[PDB]
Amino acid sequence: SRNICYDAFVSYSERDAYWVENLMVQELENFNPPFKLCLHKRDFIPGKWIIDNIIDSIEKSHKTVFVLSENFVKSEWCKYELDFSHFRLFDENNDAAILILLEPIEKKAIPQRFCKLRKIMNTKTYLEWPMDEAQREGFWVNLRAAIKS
């Protein structure tokens, strides 16, 4: 494209909308230099259809960041479990996704048909949003690093 490339496409729920659209934006879009972000629930075109929003964004950005939370799982995760051949090499060996764990998630309650997610939860691979405000700096540092890995 012209220069319509983003550093990351960020899928997330409207319930966690504040954290993403304030906290995360300030640490990245306001960073210096800044990151270019495709905010799932802030930059999607109303007209355009659904899959066209998702797929198109994921393809115009270097990475995909999921902001996992109880809510996100129920309301927005499924679409990401079952996927349809739109990655000649599959999202498995395509740089992979960046998972942020916004809050803990009772996996004892996470379906079971959610293979991918469950893996994530065992692999305990993800940036965990620290409850201790004194440790958030390191978090953002990691996040950026990840988005630029």
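Position 1 is the first residue in the sequence shown; the rest follow in order.
Enquirer: Would 78 to 86 or 62 to 70 have the larger average of its C-alpha temperature factors, as given in the entry?
Expert: Result: 78 to 86.
Enquirer: Averaging the C-alpha B factors as listed in the entry, name the stretch that ends up higher: 99 to 107 or 47 to 55.
Expert: Between 47 to 55 and 99 to 107, it is 47 to 55 that shows the higher mean C-alpha B-factor.
Enquirer: Out of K36, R118, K124, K41, which one has a C-alpha B factor higher than all the others in the entry?
Expert: Of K36, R118, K124, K41, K124 has the highest C-alpha B-factor.
Enquirer: In terms of the chain's CA B-factor thirds, is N94 lowest, middle or highest?
Expert: Highest third.
Enquirer: Taking only the Cα B-factors deposited for this chain, tell me whether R144 sits in the lowest, middle or highest third.
Expert: For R144, the deposited C-alpha B-factor lands in the lowest third.
Enquirer: Relative to the other modelled residues of the same chain, rank the CA B-factor of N32 and answer lowest, middle or highest third.
Expert: According to the entry, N32 has a C-alpha B-factor in the chain's highest third.
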